[PDB]
Each structure stands twice: as C-alpha cells, then as structure tokens.
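# Quick one, what's the 3D model for this:
(4 chains)
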Amino acid sequence: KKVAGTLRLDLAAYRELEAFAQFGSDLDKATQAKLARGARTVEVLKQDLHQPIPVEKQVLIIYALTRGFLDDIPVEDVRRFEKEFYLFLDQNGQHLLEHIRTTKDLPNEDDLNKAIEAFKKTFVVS
Amino acid sequence: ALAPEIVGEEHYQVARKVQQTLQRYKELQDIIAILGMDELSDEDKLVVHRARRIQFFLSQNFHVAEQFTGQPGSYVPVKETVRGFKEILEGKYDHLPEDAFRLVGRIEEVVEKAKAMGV
Amino acid sequence: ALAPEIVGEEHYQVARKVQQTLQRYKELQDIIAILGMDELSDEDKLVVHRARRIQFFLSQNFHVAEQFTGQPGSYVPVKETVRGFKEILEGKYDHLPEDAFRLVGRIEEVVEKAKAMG
Amino acid sequence: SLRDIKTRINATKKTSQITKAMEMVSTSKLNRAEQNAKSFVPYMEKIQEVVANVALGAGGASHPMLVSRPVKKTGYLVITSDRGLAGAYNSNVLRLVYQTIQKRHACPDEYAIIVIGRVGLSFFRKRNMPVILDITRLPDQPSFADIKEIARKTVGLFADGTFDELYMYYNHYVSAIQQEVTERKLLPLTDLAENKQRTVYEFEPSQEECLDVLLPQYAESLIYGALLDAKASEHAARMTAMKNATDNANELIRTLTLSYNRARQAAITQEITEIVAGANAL
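Residues are numbered from 1 along each chain as shown, chains lettered A, B, ... in the order given. Let me share the structure:
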C-alpha cells in the first residue's frame, strides 16, 4: 500500500507530460527528470511469459524504483538488473522476505537500503 | 508458432524487434507530417531510416510472378532470412540506396543491384 | 459545351488562358503567403497583377442592383465579352488602376470611369 | 475506425495548442530584441565613424589589426540556437560553413571552430572538428558583459597572433517573413578610407597604443552587433517556423474531422437501416 500508492501518482504525472512534450526534442530540466523516471518505470514493469514473481520480490523492486536507486542504470539494461537482482535476493536477504511473508509489513529501511546498495556493488553496467 | 520454444531464441528476438521498429515508424509518420523530417533526432531518425529499408526488404519476387512481370523468382532459406533481417537491423548495409531493396531475395542480390546503380 | 469547335477555337483559346491565369494565381498567392511577393521574379509578378484585373473585370453592373445600390446596369453580347477580355489579356491597358475595374460592362466603360476618377 | 480517428484529432489538437502558445512568446521576444538592437545601433553608427576618423591619423596600416599576416590558420565563429523548432535556421548556417571549410580545405590542422550554441556544438562534435572556445544558454536578452568574456577571448587569440584571419557566420534579419545566411571577415580590419574631416587624439601619446585600446573595442562591438541580429533573427525564424507548423496542424485537423464525420454518419445510417429491417421483418 505504501509503495504502490506513490507509484500511481508518479506514472499518472508522466503520462500527461509525455503525451504532449515528448515530440519536442528539449524541455525543462525538471521535466526531463520526470520523463526519465517514467521511461524507467515502464521498462521495469515489463515481464516474461508464465513466470510469476512472488509478492516479496515485487515490493523490493518497486521500492527500489520509487526511491530512485535506478538512476545510474541505463533503460536497456533494466530487464537484466531485475534478473541479476532476484538471484542476489535469494542468495542474500532471506530474513527480509520472511518478515514480509507473514507480517505483510515493510522491513526496517536501514537494512533494506543496505541490501540494495550491496547488490549495486555486484551488478555490471553495459 | 512464434514462441522461443518453437522457433528458438535467435529467430524470436528478431521477429519482435522488427515489429517494434515498424510500430514506432507509424508514430513518427504523423509528427513528421506536422514538423518535418528535419525536427526528428536520434532514435526517431534511425527508425524512419531502417523502417523504410525493412518495409521494402519484406518484398520478394515470386516464382509464379514471371507471367505478370518478366522477372525470375527465388526461394529463400529461413537462415538467410533471419541473418538478413538481423543485418538490416544492425545497419551494416545502411549505405545502399533504398531503391535496391525492392523485390529481392537475399542481401547478396541487393549488393549486386546497388553495385549496378553506382555504389 | 465548352467544346473547342462549338465555342470557336478563338473563344476556346482565350477562355483557357483566362482559366490558366486564375489557377496559377490560386497557387501563387499561397507561395506569396509562405515566402513573399519579394521572393518572386518579374513574370510571376505580372501574372498576379493581371489576375487582379481579371477578377475585378469579371464583376458586372445590373438592374437588380438598382434597388440594392442604385447603379443603372449594363448589357454585353458574347462577341464583346471575348473582344474585351482578349485586349485585357494582352495587357497594354494595365495602366488603369485596379480600383477602376470594380463593376463595369465594357472595356470602354472602364475607360470612361478611370479618367474621370482621377 | 471511428474511435481511431478521434484519438488522432485529440493528439493533434494538443500539439496545435503547444505550437500556437510558442508562437505568441516568440513574437514577444522578437519585438523586444529588435528594439534592443535599435538601441545599440546608434552606438554602432557613432563608434564606427569616430573610430575610423581617429584611426586614420598617424596610425600605420602595418598595425596588427589592419595588416595582413600570411595565412596559416583561420578562426571560424559560428552563431547558433540553443533549442529546436527553429525551422532551418541552424541547418542552413551549419551546412553553409561545413561546405565552405571542407571545399576550401578539409585539412584538419588549418581550420579552428568557435561555436555559440548547443546544436552547433553537437553537429561539430559528431563531425569531430575542434572547438577552441564555447558558450551556451545565453539569456534571450544578451548584454555586453556576458559576451565580452568570449569576445575578449576570441580577439585575444587573434591579437596574440594564434590566428591569421577570422570569420563570422550569422543569419541576418531582412524581414519578418524571410531571413538570410551571411558571412563576414572579422579581422583584419580594412574599412579604411580618407577622413574628409579630422578630429585629433591627445598629442603626447603614441597613437598605436591608443589604437590597441580603441580598435579591439570596436571589433568586439562588431561581434556583439552580429549576435544581436542573430538572436533577433532566431526569434523571427522560430516565430515563422512555428506559425507555418500551426498551419500544417490546422489543415490536418480539418481533413481528419471530415473523415470522422463521414465515418460517424455512415455508422448512424447503417444503424437506421437495421432498425427499418427489423421493423418490417417483425
């Protein structure tokens, strides 16, 4: 509820800004930022066929998206950032998933940021 | 039959990436009618560039056509098809004139036509 | 019924040159609107000057306009219609201002109106 | 289909609105920039005629700003927009300078480019030709102190001897409807002619040092004048390009509306035909 509510706001705001302002080449800085966040949002929401993702690892990718950890990474590489991250999240971070599994609750933000920052050490950018 | 199991990964990636370039070209056709070609940039310039060539290279001289038109026909293997469209999408042959890609079988035949037109 | 024989190859050829002049004016004012008059050479400039004369001389003065505006009226036979327009198409009469042609019967009526006006 | 044409009409109507609004704001900047230029035009007329008549008296024609130097390297100032939709304003001047340099000598060592504007810098970087100096995102009202820094740098390059000849490639404002690409040699300076009337500098100082003050100041003021006409003509070029683009958007909207009306009326007449066919069939 916390992460998906803000994601709706972000994507609605860029839906309108892109509907008209994408045709012109150069815009205002703050709009170029909101266009970048919307493009990454739609690329991070692309998915494969007959491969359901458990809710525990959905909230951790949407949280990584909304809190803006994906600015450094290019738009083409994201479907690989997901792929290499979910493997890392089963190699490390099992307690996070366990708290989410039964509590239905977001883990402590210090430890969640520590987890995502370590993965961003491992992942190799094109 | 389009499905990575049925066709294999090399063939699938190409079917979807080609459909992706032609769908973007439909979007650019409207805005260039208002602003012109001179206003597009980067990823929009190269889509119109490659979507013209791809749209022509999907045309082929049929072996039954020789009665409607003087031409000889062709048969193209799947591998030559998937390599050909890959090569157009990579852009290795981008210098050849867009006239050459019409009613043709393989990329070697396109190079031969473009040579006779002075490349 | 504008068949070249039926009208007469002289009436036919004059009529086609009038239509060609107005069609060129129709495109040429779009070129003036997007680029400019000063963007056009001398002959095109003469075609726009002639097209203004043609459009105003095509207007006529008649009896129904006695109630509306009180001008007396005019009558023109077809041989006079073709004669007068042939002389305008050569263009020697271009010294009279465009204002003179506004509603007239014969080219001689244009002559009477222009000098008197000033 | 009917719901296919409506989306195209709606999207074009939004783009038409964006283009009309940008026409309004470009008109406002055009009228101001032309007034600003006319404000600095009496300064240019006054300075040109005093600097010439003072420069004639005991100022030798071998002076570094006036004498030729055997040409090895030439500098190319190129003045360009920072933002698009400017019709062909940038492309006609980039293409003119690009062909001029390559078809006079494509040798990479001899030319040296100086570009004012992001789309100019972008083209030159793809071509790879070097850019000795650069500045971008100038305010739509440019003031002398801003372009004094680059003007003093570029003339500093000519004055210290790193360049032998210097050129400028600015669009120029002839009319609201149409504008021209132009070219001028910046240095060396050869407008010299007989005085007719003479006004004298102070008797004690050697006039050549005074020339080193006053004539570089004029060459800078000539750069600034060219930039004022360049920015005014840019706002004219964008105003006319945006106006024509609005005309194209309006025409397209008309054609689409005619087809949408025909499609809807065809659907309604089919519906009415079904109502009649049901009514007699029962």
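# The residue nearest to residue D:88 when sequence neighbours are not counted: what's it in contact with?
Here the nearest residue to residue D:88 in space, its sequence neighbours aside, is residue B:38; by Cβ to Cβ, 6 or more residues apart in numbering or on different chains that works out to 6.5 Å. Any C-beta I mention is one placed from the backbone N, CA and C, and that applies to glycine too. Going by Cβ atoms under 8 Å, 6 or more residues apart in numbering or on different chains, residue B:38 touches D:87, D:88, D:91.
# okay if I get those residues as JSON lines plus neighbour count?
Supplementary listing: the contacts of residue B:38 in JSON lines, determined by neighbours: other Cβ atoms under 10 Å in any protein chain shown:
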{"residue": "D:87", "neighbour count": "23"}
{"residue": "D:88", "neighbour count": "15"}
{"residue": "D:91", "neighbour count": "14"}
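# Tell me where chain A has helices.
A:2-21, A:29-44, A:55-66, A:78-91, A:94-103, A:109-122 (DSSP state H).
# Tell me which of those sits nearest to chain C.
helix A:2-21 (26.2 Å; Cβ to the nearest Cβ).
# and residue 34, how many neighbours?
You didn't say which chain, so I picked chain A. The tally of other residues near residue A:34 (other Cβ atoms under 10 Å in any protein chain shown) stands at 18.
# right idea, wrong chain: chain B
19.
# Likewise for the one 3 residues further on?
Residues contacting residue B:37 under the criterion other Cβ under 10 Å number 10.
# what does residue D:66 give?
Neighbourhood size, residue D:66 [other Cβ under 10 Å]: 18.
# wait, doesn't it sit right on residue D:190?
Yes: between residue D:66 and residue D:190 a contact is recorded at 6.9 Å, counting by Cβ atoms under 8 Å.
# Any chance of the helices of chain A in CSV with distance to residue B:12 as columns?
Written out in CSV, the entries for those read as follows (distance: least, Cβ to Cβ, whole Å):
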stretch, distance to residue B:12
helix A:2-21, 29
helix A:29-44, 19
helix A:55-66, 25
helix A:78-91, 15
helix A:94-103, 32
helix A:109-122, 29
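# Quick check: which of these is buried the most?
Most buried of these, by mean neighbour count (mean count of other Cβ atoms under 10 Å in any protein chain shown): helix A:55-66, with a mean of 18.
# I'd like to know which elements that one is packed against.
helix A:2-21, helix A:29-44, helix A:78-91, helix A:94-103, helix A:109-122 (3 or more Cβ pairs under 8 Å, 6 or more residues apart in numbering or on different chains; DSSP states H and E).
# JSON lines for those, including distance to residue D:250?
Supplementary listing: the helices and strands packed on helix A:55-66 in JSON lines, determined by distance: least, Cβ to Cβ, whole Å:
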{"stretch": "helix A:2-21", "distance to residue D:250": "17"}
{"stretch": "helix A:29-44", "distance to residue D:250": "26"}
{"stretch": "helix A:78-91", "distance to residue D:250": "40"}
{"stretch": "helix A:94-103", "distance to residue D:250": "55"}
{"stretch": "helix A:109-122", "distance to residue D:250": "50"}
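# Could you point out which of these sits nearest residue D:177?
For the helices and strands packed on helix A:55-66, the distance to residue D:177 is smallest for helix A:2-21, at 28.4 Å, taking Cβ to Cβ.
# what distance separates the closest one from the centre of its chain?
14 Å (Cα atoms, centre = their mean, to the nearest Å).
# That helix and chain B, any residue contact?
No: when contact is scored as Cβ under 8 Å from any Cβ of the partner chain, no part of helix A:2-21 falls within range of chain B; the minimum is 11.5 Å.
# Are we agreed that the residue nearest to residue D:88 is in a helix?
Yes: counting by DSSP: H, G, I helix; E, B strand; the rest coil, residue B:38 is part of a helix.
# What is the subsequent helix or strand relative to the top helix by length along chain B?
Ranked by residue count, the top helix of chain B under DSSP H comes out as helix B:9-35. For helix B:9-35, the succeeding helix or strand toward the C-terminus, using DSSP states H and E, is helix B:43-57.
# I'd like the next helix or strand past that next one.
helix B:78-90.
# Pick out the residue closest to the middle of the chain.
In the absence of a named chain, this looks at chain A. Taking Cα atoms, centre = their mean, the centroid of chain A lies closest to residue A:65, which sits 2.5 Å from it.
# hmm, I had chain D in mind actually
Against the mean C-alpha coordinate of chain D, by Cα atoms, centre = their mean, the closest residue is residue D:230 at 3.9 Å.
# Right, and chain A sits closest to which residue of the stretch 1-150 of chain D?
Counting by Cβ to the nearest Cβ, the stretch 1-150 of chain D gets nearest chain A through residue D:84, at 4.7 Å.
# ok, that residue - how many residues close by?
When neighbours are defined as other Cβ under 10 Å, residue D:84 has 19 of them.
# quick one, what contacts the residue lying closest to it once chain neighbours are set aside?
With Cβ to Cβ, 6+ apart as the criterion, residue D:84 has its nearest non-adjacent residue at 4.7 Å, and that residue is residue A:25. The contact partners of residue A:25, by Cβ under 8 Å, 6+ apart, come to B:39, B:41, D:83, D:84.
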